[PDB]
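Written out below as structure tokens is the structure these notes cover.
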Amino acid sequence: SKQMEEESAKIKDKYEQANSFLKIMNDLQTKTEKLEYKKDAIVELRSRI
Amino acid sequence: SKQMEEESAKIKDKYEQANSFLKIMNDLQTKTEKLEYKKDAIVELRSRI
Amino acid sequence: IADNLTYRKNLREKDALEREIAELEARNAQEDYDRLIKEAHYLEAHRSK
């Protein structure tokens, strides 16, 4: 039971790091599409002026 | 044991439904950001045209 | 007039986006999935016991 206590703490930590980098990669995809539409906007900007 | 496999199968179906809803709302938040940047761009489009 | 054609197409693009956002907001999948995942978790606990 004590063993399960410490390894439960460890797996909780593993979940914390997993979620912390999962949100990071999700934001990375968000920034990717952000750069895409910003490039489209810059295309329109060079076209207009 | 039969109870075990039936429980596992129905919970797996529940998993499939949950994952479908999760990806649906993920696309929903993506569309939310889409609306955000699209209306931002539309503001400048109306500013010039 | 090129700019005005751009304005027109942007107008209907914005209208389509405004329709889609309203529809997917009316879907309201977040609360439904919250209920579904609560049920899933409790059923998983039942299968575990």
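Labels used: A, B, ... for chains in the order of the structure tokens, numbers from 1 for residues in each chain, and numbers from 1 for ligands as shown.
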
Residues of chain C near chain B: apply a cut-off of 9 Å, count only C-alpha atoms, and supply the list as a PyMOL selection string. chain C and resi 3-4+6-7+10-11+14+17-18+20-21+24-25+28-30+32-34+36-37+39-40+43-44+46-47

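Our summary of the geometry notes that CA of residue 9 (chain C) is positioned 13.9 Å from CA of residue 44 (chain A).
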
Using only C-alpha atoms, can you tell me which of B:1, B:16, B:47, B:30 comes closest to chain A?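 Closest to chain A, using only C-alpha atoms: B:30.
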
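Reported to one decimal place, the separation of CA of residue 31 (chain C) from CA of residue 23 (chain A) is 21.1 Å.
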